[PDB]
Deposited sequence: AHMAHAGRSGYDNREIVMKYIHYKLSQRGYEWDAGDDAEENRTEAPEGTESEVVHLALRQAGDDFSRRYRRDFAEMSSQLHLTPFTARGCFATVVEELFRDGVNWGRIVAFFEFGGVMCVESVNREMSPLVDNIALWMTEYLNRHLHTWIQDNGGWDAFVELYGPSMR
């Protein structure tokens, strides 16, 4: 159920990323079927915004690098992510991962490929629980990250 916490973190982050640009999307399971999801969201959001300003300084906006189809999406996610983390995991890399994930969702809605949002969420969840969890647990878990953004 450490996996579930990672899933709900992903679900809330994407929900707000889309909510704030006028598309509604909700995949939380907390019920029906200051919570970790909410507080991690806020840090992820602040740390990802610092990222973006840095990024966009120097480079074109990431949405223009995607190319954007229901066929290409899996390859796109997998190629960038594996590239990002190939020689290691750290907090800023994890921050960029989530930021990257977010613009993919945002672009998917843009490109009238809304359902892709749901694929990206579950790709992000399983990448976390398969490849990022151990490192995060070893570095004080998510609680250590939120406290860096107090």
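Absence of C-alpha coordinates is noted for several segments of the deposited sequence, namely 1-7, 41-47, 165-168.
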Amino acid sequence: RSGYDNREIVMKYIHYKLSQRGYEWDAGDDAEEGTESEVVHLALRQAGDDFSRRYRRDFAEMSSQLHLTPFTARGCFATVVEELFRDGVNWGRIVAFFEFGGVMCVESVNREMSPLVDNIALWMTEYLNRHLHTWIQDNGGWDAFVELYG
From here on, numbers count along this sequence of modelled residues.
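When the C-alpha B-factors of 35-43 and 97-105 are averaged, 35-43 comes out higher. The deposited model assigns a higher average Cα B-factor to 45-53 than to the other stretch when 45-53 and 81-89 are compared. Ranked by Cα temperature factor within the chain, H15 sits in the lowest third according to the deposited record. Among the modelled residues of the chain, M62 sits in the highest third by CA temperature factor in this PDB entry. Placement of the Cα temperature factor of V117 within the chain: lowest third of the modelled residues, per the deposited record.
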